[PDB]
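Below: the structure, in structure tokens.
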Amino acid sequence: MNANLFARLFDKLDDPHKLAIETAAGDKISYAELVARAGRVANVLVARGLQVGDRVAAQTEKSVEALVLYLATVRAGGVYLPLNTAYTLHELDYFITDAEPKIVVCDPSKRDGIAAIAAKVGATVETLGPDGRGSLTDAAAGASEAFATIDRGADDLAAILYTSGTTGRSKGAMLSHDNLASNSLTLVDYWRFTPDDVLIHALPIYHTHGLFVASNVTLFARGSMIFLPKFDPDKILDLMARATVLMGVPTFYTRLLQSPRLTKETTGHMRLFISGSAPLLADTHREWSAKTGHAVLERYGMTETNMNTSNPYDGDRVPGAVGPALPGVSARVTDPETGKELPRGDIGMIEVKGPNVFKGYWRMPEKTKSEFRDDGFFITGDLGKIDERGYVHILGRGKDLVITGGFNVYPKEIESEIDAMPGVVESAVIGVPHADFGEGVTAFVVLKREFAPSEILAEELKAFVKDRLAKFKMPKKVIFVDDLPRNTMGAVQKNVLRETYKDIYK
Ligand SMILES: Nc1ncnc2c1ncn2[C@@H]1O[C@H](COP(=O)(O)OP(=O)(O)OP(=O)(O)O)[C@@H](O)[C@H]1O
Ligand SMILES: [Mg+2]
């Protein structure tokens, strides 16, 4: 009855020699071998001073060795804290000071700098490079495989993951053993994962999608994964002939649609394509079906809540919707101000409750207090509606709402009209300070190669818009850009645009 996530995963192993992970080089690691690696590393953590409840902070390139570190930390009763690989030394300083880890694991090339940051909280530093070598690996080589998995309760912490930083400075989400186990167990059944599944794993592992959804679902299912260091469209296309599942973000799908190799024939061995972590546009969903004949299954989750909703595996997968609430999860829509539930179909604040919902923000009990309703529902910060069939539709983030001359403007519906114009790849709509209207609706528009940006084209876009947008929804300015700013996970970073273009109306 140990709730420890590692114990749930591995204490009963009825097929130990089954493949768990194939590495980028083609080496194959069984379940038993993965478990024994985790034992070695758990013993290393204890030898480097880990006590139960301590954080282990990890900034490394992706490798099976890094995945093992996650499993070992959890196994040893520690609290695993992965960190964006792209964070600079100064950026990293905040997270280490916030979390106060006992152990920091970093790239060998960053050791001297990170050791200084580590000294402030008295942390021991080990290294792990892109090839899986380093001081962590040296210590693990002579360590014992046997390890008594630490007894943990359902509500004890297994991880702290920092949010992506999209709306503001990243917050540390305290995730329990039951949060992670309950969610992945539900998804194994909901997505019909079996031991025959082979997951193409091309997502980073400092984020909930690549770390938990991809890994835990595969491991509970007793399937395997092909563990690639990054997204590479030609490698992914090659592997589909011998894999069954891809978990991706919308940009994976938009990129793959640009390959002339993406055909029915090339994808025909595949069981399931999943999209998550950012809005999969309805037109992309339809473009994928027209080109490949597969219907992408989209799901919606957050760092704080793991997965909340999912289009059904065996039901309608609806373009532009993120599906009903998962088994065990409750989802409702409420008036942002008052907090009362709205009728089905009305746009409001999405709130969720369930064993998937985290225990709070690390060392932010006030912020935590403000984001839970008295009845325990978590305020997502995402606006949307739930239709009559129970499917959640996400209209946009609350922070992205633009208030202009007295009117609420929802940037997704403007972006959709703009994106419909031939010549437009995609658009991002924000408000920036405006002396007349308070905030001015501003459209940032990425063009196809064949089109040149001009004031004339901007007017033609506005003319196109236009009959389909209420006067008050019309952008006060159109700005052509080479590319939208995105984070390492592919999510548009509207705060980047708000800062760069803050003075356009001055
Ligand atoms: N399928 C989806 N469709 C639309 N939006 C999605 C989907 N999946 C995730 N999201 C968005 O991503 C958010 C979760 O992202 P994440 O936990 O990575 O941190 P963030 O919200 O981007 O950053 P921060 O919380 O620091 O502002 C959700 O709250 C939602 O806004
Ligand atoms: Mg967020």
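Every number here is computed from the coordinates shown, using simple stated rules; none is lab data. Virtual Cβ from ideal backbone geometry, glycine too; neighbours counted across all protein chains shown.
Brief remarks follow.
- Extreme residue, positive dipole direction of region 4-397, given options 229, 186, 331 (C-beta unit charges): 229
- Ellipticity at 222 nm from helices only: DSSP H runs of n ≥ 4 in the chain, each -39500 (n - 2.57), divided by the residue count, give -8000 deg cm²/dmol.
- Rotationally averaged projected area of region 404-506 (alpha carbon convex hull; nm²): 6.6 nm²
- Segment residue 330-residue 52, length gained on full extension (0.36 nm per residue, minus Cα span): 96.9 nm
- About its Cα centre, the dipole of region 366-412 is roughly 160 debye, where the only charges are +1 on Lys and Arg Cβ and -1 on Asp and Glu Cβ.
- Here the Karplus relation 6.51 cos²θ - 1.76 cosθ + 1.60, evaluated at θ = phi - 60°, turns the backbone of region 181-191 into coupling constants of 5, 4, 5, 5, 4, 4, 6, 3, 6, 5, 9 Hz, with x for every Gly and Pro.
- Sequence-separation-based contact order of region 398-505, relative, with Cα cut under 8 Å and 6+ spacing, percent: 27 percent
- Beta bridge orientation in the chain: antiparallel %, DSSP, nearest 5: 60 percent
- Neighbour cut-off at most 15 other Cβ (10 Å), DSSP loop, trypsin sites (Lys or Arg not before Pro), region 286-358: 340, 344
- Gain on full stretching of the segment that runs from residue 425 to residue 410 - 0.36 nm per residue minus C-alpha separation: 3.4 nm
- The amide H of residue 159, built 1.01 Å from its N in the peptide plane, has 80, 175 as neighbours under 5 Å, considering only residues 5 or more places off or on other chains.
- Neighbour cut-off at most 11 other Cβ (10 Å), DSSP loop, trypsin sites (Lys or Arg not before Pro), region 84-155: 120
- Cβ-Cβ FRET estimate between residue 340 and residue 189, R0 fixed at 41 Å, reported to 0.05: 0.80
- Dividing the Cα radius of gyration of the chain by its Kirkwood radius returns 0.97 for Rg/Rh.
- Gain upon complete extension [residue 363, residue 93; 0.36 nm per residue less C-alpha separation]: 95.6 nm
- About its Cα centre, the dipole of region 4-397 is roughly 240 debye, where the only charges are +1 on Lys and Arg Cβ and -1 on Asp and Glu Cβ.
- When the P(r) is computed for region 185-290, the part past 23 Å accounts for 22% of the Cα-Cα pairs.
- Under 5 Å, built H, 5+ apart or other chain: amide partners of residue 55: 79, 102
- Using a simple spin-label model with pseudo-atoms 7 Å out from Cα toward Cβ, residue 112 and residue 347 lie 5.4 nm apart.
- For residue 447, residues with placed amide H under 5 Å, excluding near neighbours: 425, 481
- Evaluating 6.51 cos²θ - 1.76 cosθ + 1.60 at θ = phi - 60° for every residue in region 388-398, the Karplus couplings come out as 5, 7, x, 7, 7, 10, 9, 8, x, 6, x Hz, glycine and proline recorded as x.
- Long pairs among 399/448; 412/471; 171/385; 291/494; 235/494, criterion Cα-Cα beyond 19 Å: 399/448; 171/385; 291/494; 235/494
- Shape of region 445-484, Cα gyration tensor, a/c cut at 1.5: prolate
- Using θ = phi - 60° and Karplus 6.51 cos²θ - 1.76 cosθ + 1.60, couplings along region 260-271 (whole Hz; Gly, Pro as x): x, 6, 6, 9, 4, 4, 5, 10, x, 7, 6, 8
- Shape analysis of region 135-211 places it in the rounded category; the axes a ≥ b ≥ c from the Cα gyration tensor give an a/c below 1.5.
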